[PDB]
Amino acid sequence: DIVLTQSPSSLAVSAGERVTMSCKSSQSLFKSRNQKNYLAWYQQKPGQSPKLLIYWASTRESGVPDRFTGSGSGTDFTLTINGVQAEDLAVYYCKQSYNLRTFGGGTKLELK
């Protein structure tokens, strides 16, 4: 019953600044076979359908801007947004795909 805790719950910030957010896992999400961390980050703008940002912990999906950087391995992961734009306002979920799938509670980003 993998449990993904994201920190913080919410965080507001002014545009252009650098933010981080934590993803913490119950079990190690590391596969020793292909040596991949089975974790993905998902962006969801208000009232819109979620969007894959990153997979395998650090691999940025096609089209996603460079300012989105994912890191960490095992049980500890973080999502870093260097220079937050207005378009970034949205809830961010980390998800374990190590065994089936499980989403975290999400970290909501605000832009004031």
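A residue's number is simply how far along the shown sequence it sits, counting from 1.
**Q** Select between 62-70 and 28-36 the stretch whose C-alpha atoms have the higher average B-factor in the entry.
**A** Stretch with the greater average CA B-factor: 28-36.
**Q** Comparing against every modelled residue in the chain, figure out the third that the C-alpha B-factor of residue 91 lands in (lowest, middle or highest).
**A** Lowest third, going by the recorded CA B-factors of the chain.
**Q** Check where residue 78 lands among this chain's C-alpha B-factors and tell me if it's the lowest, middle or highest third.
**A** It belongs to the lowest third of the chain when residues are ordered by C-alpha B-factor.
**Q** If you rank the chain by CA B-factor, which third does residue 22 end up in: lowest, middle or highest?
**A** Answer is lowest: the recorded C-alpha B-factor places it there.
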